[PDB]
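Encoded as structure tokens, the following chain is the form deposited in one PDB entry, with no partner shown.
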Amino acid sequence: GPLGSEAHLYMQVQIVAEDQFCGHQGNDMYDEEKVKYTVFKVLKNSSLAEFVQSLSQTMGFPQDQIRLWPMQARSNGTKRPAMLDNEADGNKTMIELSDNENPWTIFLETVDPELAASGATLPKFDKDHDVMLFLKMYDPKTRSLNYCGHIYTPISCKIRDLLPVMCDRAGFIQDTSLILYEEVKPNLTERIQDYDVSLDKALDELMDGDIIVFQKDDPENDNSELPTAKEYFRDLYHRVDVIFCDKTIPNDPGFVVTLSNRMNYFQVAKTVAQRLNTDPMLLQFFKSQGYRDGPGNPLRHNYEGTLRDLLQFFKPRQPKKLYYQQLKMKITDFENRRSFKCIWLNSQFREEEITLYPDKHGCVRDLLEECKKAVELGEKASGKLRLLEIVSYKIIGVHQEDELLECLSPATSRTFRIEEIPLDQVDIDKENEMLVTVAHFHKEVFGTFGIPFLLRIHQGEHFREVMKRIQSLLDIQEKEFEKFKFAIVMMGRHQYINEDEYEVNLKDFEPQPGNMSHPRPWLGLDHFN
């Protein structure tokens, strides 16, 4: 709004009283966002003597029973009460004393007016020999800080001589053994190891406004989540609230979880699984996307980073959120599963698209077993399955149940097919029977189509007995079958044979002796689709 003619000649003095230090659970004396002040609009060029005189009348106390301690920022980022000499600096301006700080905050120390009535007065402070210390009591049972006021103490005073005051102010029985710490700054609470020394030795850079945090040395402290003041402040410093959303639930508002920035994957999962009444092993988490919102890349269960590492891209404004999903299997096995898409050839000689999920480290047997569990077999068939490999409508291979799945081609040009072994093909006479690959082709051998299949052929068998065996499987009209042309194919070369000749010798379909690698001779079926 509109500024006054002399508004620039004024400054704001914020007076904080000791009652504002009670109940504070964080570092330093109070929270800048929760603290309540007495605000003074003071001339920048008016003296300290005037303010101390004015303030005493305003606050309702004699001038000699009040002492001002300006709130001062320290090099380490803390704000603490500092010493101010009213006798020496009484004629100095408010602006030169604040060192151009506006608003200037000052701690106002006063006697308890209840005690003042019972004789009490503000003691004299020897700026060269005395120190003003603040006392806090940490209670591991309630995991909280209790304010125990301040003391005027000589710098040369032994720590051991401060223990009766601490016990008294905390409500402990005298000669209770205590653990003492110096609250240096956030995430730095240094234990006082020797009490038989002066304050100047005991504390690093002994100053006015220094804090000693103390607690009982009790075995019951160990029963607490945070047994020491040191662990309390560390937990306070690293504390972070994160929202967790289910990736599978659309527009899920999520739930808030209080975690620590230094938590590992196991610790983050264990805490979220407790809130979901699930096993941490049955949860998958996703990284952040940084710029974009929504879930990012899936987080490996063996992630070696911290929660800080996961939340580093959220801006100060940005609310911290992480996405997850609930699994119906252990995370380790879920990560190791392979999506195996194949064809299932049913009893009716019809093809069906099936997706099986064996473990990537499994074998052909495991894929077949997964399939056996999913389908209905023949009326009274073998109950044994096989995995074929088809490329360009031809069977290029029959895989043994012992073969690793990792060996099977990931290429899109391969078609893997599972089927039930026909009764006649379970245990053939190795001396006079043979399994041959059959495939349909239109005019030219390269022009293959249809569903290929394995066929049993016998030594010196009548080729029409082979023909009716083919007809019984294909199952079409007898006049459609008479149009067919039967030929044997091997390495491009193909010879057509007479249906009435009946010439069947296993050597005609066998490859060269000792060559199993070379594409074995097959039987072609000429017609059109």
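The first residue of the sequence shown is number 1, and the count goes up from there.
In what follows, reference is made to the form deposited with a partner chain bound, a form of this protein that is not presented.
- Taking the partner from elsewhere, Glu96 is found to have every heavy atom lying beyond 4.5 Å of the partner chain in the bound PDB entry.
- Looking at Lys270, you'd find every heavy atom of it more than 4.5 angstroms from the partner chain in the bound PDB entry.
- The partner chain in the bound PDB entry comes within 4.5 Å of a heavy atom belonging to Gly77.
- With a 4.5 Å cutoff on heavy atoms, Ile343 does not count as touching the partner chain in the bound PDB entry; it lies far away.
- Shown alone, this chain has one stretch from 440-448, 69-77, 320-328, 416-424 that lies within 4.5 Å of the partner chain in the bound PDB entry by heavy atoms: 69-77.
- Residue-level contacts in the bound PDB entry: of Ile390, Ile179, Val184, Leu282, one residue has a heavy atom within 4.5 Å of the partner chain, and it is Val184.
- For the options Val256, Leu454, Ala381, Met207, the one in contact with the partner chain in the bound PDB entry, meaning a heavy atom within 4.5 Å, is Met207.
- When the chain is split into two rigid parts to describe its motion between the shown form and the other one, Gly254 and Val466 fall into the same part.
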